[PDB]
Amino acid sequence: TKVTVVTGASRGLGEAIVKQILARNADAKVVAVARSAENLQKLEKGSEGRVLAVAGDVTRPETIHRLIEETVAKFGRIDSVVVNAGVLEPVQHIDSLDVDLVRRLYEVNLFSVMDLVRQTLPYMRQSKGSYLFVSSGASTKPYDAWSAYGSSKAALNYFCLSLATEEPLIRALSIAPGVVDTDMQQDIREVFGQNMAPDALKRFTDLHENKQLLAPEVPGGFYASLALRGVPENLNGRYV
């Protein structure tokens, strides 16, 4: 039985990754982490004993300590960690950018990831496990008003390369999922887009209106397969 931790499992891509893991292997176990306790408890209930819900904010080290304690007690091992929790706000031009909101975005998208990797590494070394990071095309392309988010995914890509280089017993891969039909894209269209140049926002509303947003299960099946089968050595540390 392989045990995967998925952060951000209460909705969107991360929820789809959990479901795809359970669909693709009958023995696999998943530890689902996010703040929304009611959603996670429903995931646990629907998954026939194969999901352990751990509710909490990943930016608190108490969450991460409890996550590892409970995973080890219930399943005894960690084989894969899917780093999917993330936030997009603040979507603001640099001339208007609220640095306190930037600090919060980095807590979620990067500093909590450093803490999660540090605390899981002893178990992941034993299992030769794979760390999977959810990145974005914004990590290399400068979307208007997204300097905070895009810079944090650039930092995340580098952190994945650094991890693979320092820890040869594990594998690490940073994967952008394309554009995915989730609340984060809905937020772009209906909330954040008023801070974006009209032409820049029109790219995302066009994708929506043309029915080109991916169902989360589609990129989610690729993370699930990587979580179950491992990262291929020729892509270790890379961004794809």
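When you see a residue number, it is the position in the sequence shown, counting from 1.
Remark: stretch with higher mean C-alpha B factor among 209-217 and 53-61 is 209-217. Taking the mean C-alpha B-factor of each stretch as recorded, 197-205 and 178-186 are not equal, and the higher mean is that of 197-205. For residue 165, the recorded CA temperature factor ranks within the middle third of the chain's modelled residues. When the modelled residues of the chain are ordered by their C-alpha B factor, residue 3 lands in the middle third. In the PDB entry, a CA B factor belonging to the middle third of its chain's modelled residues is recorded for residue 122. Annotation for residue 141: CA B-factor lies in the highest third of the chain's modelled residues. The PDB entry assigns residue 26 a C-alpha temperature factor belonging to the highest third of its chain's modelled residues.
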